[PDB]
Amino acid sequence: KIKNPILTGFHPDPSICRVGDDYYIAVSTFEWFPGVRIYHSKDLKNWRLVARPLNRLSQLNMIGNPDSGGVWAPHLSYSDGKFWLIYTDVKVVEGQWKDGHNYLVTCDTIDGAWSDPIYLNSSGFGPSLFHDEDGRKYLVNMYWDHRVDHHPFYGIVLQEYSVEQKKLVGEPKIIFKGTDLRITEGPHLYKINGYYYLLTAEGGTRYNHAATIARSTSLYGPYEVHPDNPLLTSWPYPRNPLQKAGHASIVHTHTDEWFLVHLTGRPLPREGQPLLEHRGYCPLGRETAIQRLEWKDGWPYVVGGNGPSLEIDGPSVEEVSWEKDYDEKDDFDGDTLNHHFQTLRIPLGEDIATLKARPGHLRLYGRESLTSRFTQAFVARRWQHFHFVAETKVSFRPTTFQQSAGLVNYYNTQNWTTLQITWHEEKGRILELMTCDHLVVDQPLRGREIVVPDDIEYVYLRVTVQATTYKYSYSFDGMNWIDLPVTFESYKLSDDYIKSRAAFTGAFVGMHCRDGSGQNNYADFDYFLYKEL
Amino acid sequence: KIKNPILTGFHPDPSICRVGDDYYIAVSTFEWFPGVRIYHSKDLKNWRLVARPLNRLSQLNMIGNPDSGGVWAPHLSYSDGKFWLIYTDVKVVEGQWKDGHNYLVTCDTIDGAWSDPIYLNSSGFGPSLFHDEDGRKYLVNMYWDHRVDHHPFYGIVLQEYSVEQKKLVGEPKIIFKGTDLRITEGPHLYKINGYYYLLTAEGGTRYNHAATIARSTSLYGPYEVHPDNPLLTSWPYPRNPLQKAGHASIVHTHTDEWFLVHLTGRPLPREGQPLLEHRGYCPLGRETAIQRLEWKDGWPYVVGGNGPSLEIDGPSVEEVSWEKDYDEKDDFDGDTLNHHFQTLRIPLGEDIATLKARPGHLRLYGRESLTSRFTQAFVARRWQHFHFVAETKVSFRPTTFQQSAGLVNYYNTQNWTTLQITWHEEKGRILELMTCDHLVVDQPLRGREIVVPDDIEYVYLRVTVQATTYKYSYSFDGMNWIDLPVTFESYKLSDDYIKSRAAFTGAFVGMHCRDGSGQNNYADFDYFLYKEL
Amino acid sequence: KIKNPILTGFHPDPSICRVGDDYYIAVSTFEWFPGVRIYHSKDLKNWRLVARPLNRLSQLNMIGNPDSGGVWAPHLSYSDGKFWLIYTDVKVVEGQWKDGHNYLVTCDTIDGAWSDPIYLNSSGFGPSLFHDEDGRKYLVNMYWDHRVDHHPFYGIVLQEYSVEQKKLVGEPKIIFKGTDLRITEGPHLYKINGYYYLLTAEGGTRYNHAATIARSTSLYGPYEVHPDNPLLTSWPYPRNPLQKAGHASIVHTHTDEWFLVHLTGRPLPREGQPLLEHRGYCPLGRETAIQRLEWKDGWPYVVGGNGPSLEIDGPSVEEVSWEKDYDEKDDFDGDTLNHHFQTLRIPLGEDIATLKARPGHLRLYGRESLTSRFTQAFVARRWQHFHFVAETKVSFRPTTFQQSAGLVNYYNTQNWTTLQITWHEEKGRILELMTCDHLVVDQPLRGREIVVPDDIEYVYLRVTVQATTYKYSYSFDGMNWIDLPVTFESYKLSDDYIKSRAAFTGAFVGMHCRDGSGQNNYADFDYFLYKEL
Ligand SMILES: O[C@@H]1[C@@H](O)[C@H](O[C@@H]2CO[C@@H](O)[C@H](O)[C@H]2O)OC[C@H]1O
Ligand SMILES: O[C@@H]1[C@@H](O)[C@H](O[C@@H]2CO[C@@H](O)[C@H](O)[C@H]2O)OC[C@H]1O
Ligand SMILES: O[C@@H]1[C@@H](O)[C@H](O[C@@H]2CO[C@@H](O)[C@H](O)[C@H]2O)OC[C@H]1O
Ligand SMILES: [Ca+2]
Ligand SMILES: [Ca+2]
Ligand SMILES: [Ca+2]
């Protein structure tokens with residue numbers, strides 16, 4: 001009844017939460033602002049965005065954060081009449097260290113004003129709050145080992161959280177070291193039948209990703225490993241369209257059914273290439289999928305081998321679909337930008353992004369380059385399909401090559417492409433292509449830039465994505481289009497192409513304005529179109 | 001009279017200001033907080049630190065700033081009853097862009113409470129404020145060109161600044177493109193005779209560095225170039241112990257004499273090595289020197305040819321020397337940290353660095369690792385000599401390998417070495433060595449670390465610097481010192497060694513505490529000693 | 001009167017030899033076969049190729065030699081009624097070692113069958129045979145030090161050679177260590193007035209290259225260095241069209257005049273670039289220039305300062321001009337290949353390259369690819385001008401992608417471009433472009449290759465080089481020519497571009513046939529043209 005993935009495009013580390021017959025999934029958002037995206041469902045098939053909880057500087061201040069830093073795996077839970085959301089702001093993403101900070105916020109409702117943060121600890125990412133049967137509370141996260149000779153995933157640490165004291169109490173204790181996969185992270189605790197079950201992710205979030213499960217009658221263990229571990233993995237199944245299956249969380253429904261949600265990468269078509277040499281490139285980044293579970297000797301079993309199935313059988317409820325929460329052609333009609341739009345690291349005030357300066361237009365005042373981890377006037381949405389068209393219509397008069405405005409396909413500060421309006425000494429105002437690949441810049445139309453006539457109020461910019469390749473086009477009138485003669489490869493905006501390993505997001509497409517001169521020049525965007533093909 | 005360098009260790013981009021018979025030099029401080037150092041002198045020979053102007057988050061907020069970002073070359077001038085300070089906060093320091101913002105702050109007195117910044121522009125670094133005879137004021141700076149087919153140093157832009165509107169007005173114009181040396185930056189304007197003189201730095205701040213001067217009778221040029229340009233340079237003088245001479249400023253003394261201050265690097269000793277192949281390694285970074293000028297046919301000339309002289313004739317005024325402004329041995333009985341101490345990027349409040357918690361001690365609560373561009377509990381002072389000892393006494397009780405405290409010699413987040421106390425599963429509380437070289441970490445004393453006796457309150461940590469090499473040693477009593485069996489090389493803590501080439505600072509020595517578990521564990525430093533040998 | 005360079009394109013390490021009023025210059029040929037080129041002149045201005053001495057496998061066997069190995073600096077002298085030629089076959093060109101063996105061969109005549117080699121030593125490249133007034137003979141070369149903590153240019157070794165025993169005798173002894181420039185190599189000995197003069201190259205063969213001279217009254221030293229040393233250098237003359245001035249040999253004329261020949265690199269036009277940042281790219285490799293000397297206090301001085309002159313006054317002799325020694329349009333009617341043509345490493349027999357199989361054609365039977373250091377059916381001549389056209393007309397019927405024939409511009413196995421005929425599964429016989437940069441291959445006409453009509457017998461292939469760029473073109477009928485829309489960059493075929501720094505040759509243009517299948521397929525080339533402008 002359900003076809004994976006359920007959440008498409010950048011949607012990793014799903015954290016499922018049941019409130020009655022209501023289902024929530026919280027995913028990680030990394031450098032993209034605001035922090036955490038929460039989807040609500042009635043049937044687990046159809047998903048709707050209902051919260052974006054970390055929207056105040058007091059809660060999440062990400063300026064300067066590295067690419068793929070920020071909000072890693074979040075944990076959503078419900079207890080004592082309120083939602084508990086745990087999250088990390090990760091500061092260092094490369095080297096011996098992984099500096100980052102674990103915080104708790106709460107709210108009586110899903111889409112309310114969530115509290116200011118309570119500081120937990122810093123010992124490692126993956127934080128999860130356990131609500132025990134006796135009313136005591138426990139935080140589990142991974143424990144980080146920076147030392148030269150050592151594997152960094154020291155195992156799972158656990159420490160009591162005092163609600164009243166608003167702090168962890170007692171001494172932290174390692175309760176589990178993982179199996180021989182290692183890279184043990186993403187711990188979740190569950191009290192089921194007579195056991196504590198400890199769910200982890202192991203093998204790392206590339207092609208060796210697994211969900212491991214263990215159990216103990218004592219919270220502190222020692223835990224004993226599933227006899228047929230891993231619970232879920234893609235590593236044995238190179239032909240499965242769903243790779244990387246791991247970082248799971250478990251739901252017990254109101255219909256006495258069991259499911260497992262997990263991230264998964266969907267590689268691009270690599271027909272005619274070696275099966276096991278390189279398992280692929282995922283521009284849609286890590287998406288959220290859902291597996292059916294079943295129990296056998298006090299152990300859950302993913303229905304249909306420990307590999308992910310494409311289509312499963314859902315829970316015994318009536319289907320509930322949702323109205324489309326965005327315009328295919330978004331004319332900038334509201335007084336708030338559509339909630340699929342995110343900014344990099346920080347909220348953009350009306351001094352930078354505003355619907356109030358020119359009616360029915362998003363206006364962007366130019367800030368820093370596409371390479372800045374600080375202040376970019378950039379509003380973007382996820383690539384959410386392999387085949388799509390996206391388009392925009394923009395008014396812009398640059399007086400210098402320090403100014404630009406354009407349509408950008410973007411991975412991170414060092415990996416992106418763009419069709420942009422700029423200015424040139426001889427040619428005046430022009431259109432041009434620009435790419436950045438691991439910080440190396442190319443201008444494919446250098447010497448042959450497109451002269452924009454003076455009488456043109458609006459330049460129309462379009463990208464057409466067709467799985468492995470995409471192309472840009474322009475129009476001066478809305479009617480007559482022209483392809484720019486350059487084919488781009490989507491694999492270059494994918495998790496798997498990034499040489500750092502710190503590549504935890506996915507491709508975005510959006511609207512950018514840069515003013516390197518500091519003259520507060522701006523571009524008026526009449527609309528932004530995103531349409532699946 | 002005057003031996004160079006006048007400001008030793010890290011003191012780049014000297015901007016010199018005359019007020020009557022008082023003399024001030026401002027130098028750049030990059031990622032080090034607080035922003036900008038100002039020194040005073042009566043005779044151009046003896047110099048004391050009198051101001052650290054950019055000490056409010058509102059003036060300078062460098063959280064996340066890259067290494068060698070932040071405060072680049074500043075400009076100090078005096079006019080209309082007050083001091084004017086111009087500065088850049090540089091956000092991007094690698095690739096095609098150099099995103100960064102120029103700001104003006106003022107004060108009636110050199111060590112007053114300077115204004116909050118007035119925003120000027122963002123078009124390039126090296127901003128300078130010119131006050132013309134007719135009362136009018138003008139900003140000059142370099143203009144950045146990001147384009148792939150282009151040299152980035154597009155020339156010198158000039159624009160009128162309206163004190164009344166508190167903004168640049170009219171239209172920006174390029175007034176100078178440079179000479180074939182290119183890398184034209186650091187513009188300063190001078191009205192002399194019936195001429196505007198434009199001074200620039202050219203050829204880049206490494207071994208081809210130079211200072212170039214031009215003249216015009218129109219503020220907007222064309223400027224004719226000095227007939228024997230460069231005005232100053234070490235490039236053709238590979239044996240001059242003073243290298244990289246350039247980024248200069250001119251001072252016309254009250255006694256009708258002319259001088260020129262500039263940065264320089266002093267390479268480590270190089271015998272046995274090709275004179276020209278690699279011209280050296282500068283652990284003291286770029287330092288400040290002074291040269292006499294003399295005039296011919298409407299042109300200035302560095303007395304003693306166009307290379308820098310080691311020793312010069314001071315101005316015709318009485319010698320005025322200054323009492324020492326730090327203690328060789330700092331016992332931490334002050335109410336504030338000695339002004340030769342600095343922190344990374346941000347101010348540290350009493351929650352991180354405190355002289356109050358335990359009188360006679362500096363307490364550092366553990367924050368992030370030595371590789372973090374965010375929050376480090378780290379207090380440090382410049383290497384200002386080739387030959388030195390530096391030493392500290394600390395009590396620390398780490399309970400996990402995630403915590404540490406030590407003596408660090410530091411270039412940047414990826415380049416440092418430390419003798420630190422930490423914790424190990426079997427040995428308990430230990431002394432270890434740790435190094436980071438372009439992010440790659442080494443533990444040279446593994447697994448052969450010093451065991452600290454449970455009964456020892458303070459560990460005594462020392463480093464002895466001898467030009468090319470340095471050594472770490474320790475005592476449990478202050479009297480019986482044992483060397484650690486590793487010889488270190490000072491060239492690895494120099495501008496010239498860093499692969500990125502955003503390397504514009506110099507070596508520091510200081511005190512660090514890390515707590516990556518998040519338990520607020522601290523270290524108490526009873527004293528810090530630094531002594532020239 | 002004499003305009004430099006006198007030998008144009010790849011002509012390094014000139015060894016000049018006088019015999020009455022006959023003048024000879026031998027240069028290095030590295031991996032190009034046959035080994036060594038000797039040019040003759042009566043006037044030092046006009047030069048004609050007269051000998052290629054190392055043309056037998058017994059003399060020079062270079063199969064598998066690495067790029068820029070094989071025949072390094074040669075030495076040509078005349079004594080006791082015959083010619084003496086010292087050479088090196090360098091086997092190792094990267095790492096701590098420079099494995100290579102020095103050899104002596106002799107001939108009564110410049111252009112006869114030279115003798116078989118007498119092995120000499122192996123201690124360092126740059127061998128030179130000196131002939132003392134008292135009829136004794138000594139060998140000088142450089143001494144090679146492979147050790148980690150050591151500069152590899154240990155200085156100059158000297159040793160006597162015995163004509164009767166056919167070998168070196170007595171003890172080897174260091175006579176010279178070098179100046180602070182180091183990289184001491186290319187030693188030559190002269191006996192003049194009271195002194196022996198020892199000339200060397202220092203600073204390395206890039207932009208720091210120098211000629212260094214020293215004197216002693218004793219053959220074994222010690223040697224006092226010239227007081228205004230270097231004798232010759234371009235290093236302080238960044239504006240000089242002739243760069244890398246070094247590796248000289250001295251000639252005393254029959255007119256009692258003195259000159260110095262030297263190598264030199266002429267960078268491509270550099271307008272807009274920083275003067276000193278990178279001093280240039282030389283696709284014509286290292287060329288041979290000549291300078292005039294005068295004497296003063298027992299020391300020779302380069303007339304015109306110690307930098308090289310573009311134009312000099314030649315010796316007071318009658319001009320002797322030489323007729324052009326190749327056809328602009330080589331129709332391949334001759335019995336042997338023009339002597340400007342070389343092969344890689346080895347000679348090619350009639351089973352690979354023949355003018356005999358097809359009258360009026362050069363036939364190449366396809367062997368191994370362009371990346372092979374073993375057997376290539378490749379016949380090539382030097383780039384000798386910054387603007388030229390080269391062109392060929394070829395008949396070729398490939399039956400597999402494994403077979404190619406074409407026109408190649410070639411630096412080494414890992415750096416080259418080509419316009420070539422091959423075969424395609426669906427399109428059949430096609431014309432394509434291929435490039436290789438540091439072993440990375442591109443096909444810029446991927447998917448748009450030119451279909452060759454089956455009815456066409458000859459494909460005409462042309463390259464037009466214009467200084468910084470060049471462009472390929474083709475025709476089927478030889479009147480109407482189509483440019484392939486790809487603009488190539490000459491700097492990618494230059495010494496300076498090559499990453500290994502074992503880059504000692506220069507760019508060639510030639511004809512190539514590959515048969516990767518082993519079917520002995522061949523290409524018939526009707527002509528080869530080369531023309532300046
Ligand atoms: O927050 C999530 C984490 O679960 C994941 O953790 C690891 C980071 O370091 C790398 O060594 C591993 O590949 C990876 O599993 O980071 C990704 C994020 O989604
Ligand atoms: O403030 C000074 C700058 O003026 C200087 O700017 C240049 C930045 O680009 C680099 O490629 C060059 O090396 C450098 O000249 O850098 C140093 C800083 O102190
Ligand atoms: O015959 C010449 C050599 O003597 C010379 O070799 C040196 C080899 O190492 C490089 O680092 C130096 O720059 C170079 O001088 O050049 C090669 C050959 O032409
Ligand atoms: Ca609209
Ligand atoms: Ca004290
Ligand atoms: Ca012919």
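Residue numbers begin at 1 in each chain, while the letters A, B, ... track the order of the sequences.
- With a 4.5 angstrom heavy-atom cutoff, A:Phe374 touches chain B only via side-chain atoms.
- Figure legend: A:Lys492 and A:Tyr411 shown without cation-pi pairing, the cationic atom not lying both under 6.0 angstrom from the six-membered ring centre and within 45 degrees of its axis.
- Near-neighbour residues of residues 438-450 of chain B relative to chain A, defined by a heavy atom under 4.5 Å from a heavy atom of that chain, comprise B:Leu439, B:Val441, B:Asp442, B:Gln443, B:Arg446.
- Evaluation of the side-chain hydrogen bond (donor to acceptor under 3.5 Å, both in side chains) rule for A:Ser500 yields no partner, not counting sequence neighbours.
- When heavy atoms are compared at a cutoff of 4.5 Å, A:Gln414 does not approach chain B at all.
- At a heavy-atom separation below 4.5 angstrom, chain A is approached by B:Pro172 within residues 167-174 of chain B.
- The parts of A:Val148 that come within reach of chain B are both its backbone and its side chain, each placing non-hydrogen atoms under 4.5 angstrom from that chain.
- At a heavy-atom cut-off of under 4.5 Å, chain B is reached by A:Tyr143, A:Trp144, A:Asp145, A:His146, A:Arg147 from residues 137-147 of chain A, listed in order of number.
- Each of B:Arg367, B:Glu425, B:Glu94 has some count of heavy-atom pairs under 4.5 Å with chain A, and the biggest count is that of B:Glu425.
- Both the backbone and the side chain of A:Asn65 come within contact range of chain B, judged by heavy atoms closer than 4.5 Å.
- B:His150 does not touch chain A: none of its heavy atoms, backbone or side chain, sits under 4.5 Å away.
- Between B:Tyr522 and B:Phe396, the gap from one ring centroid to the other reaches at least 6.0 Å.
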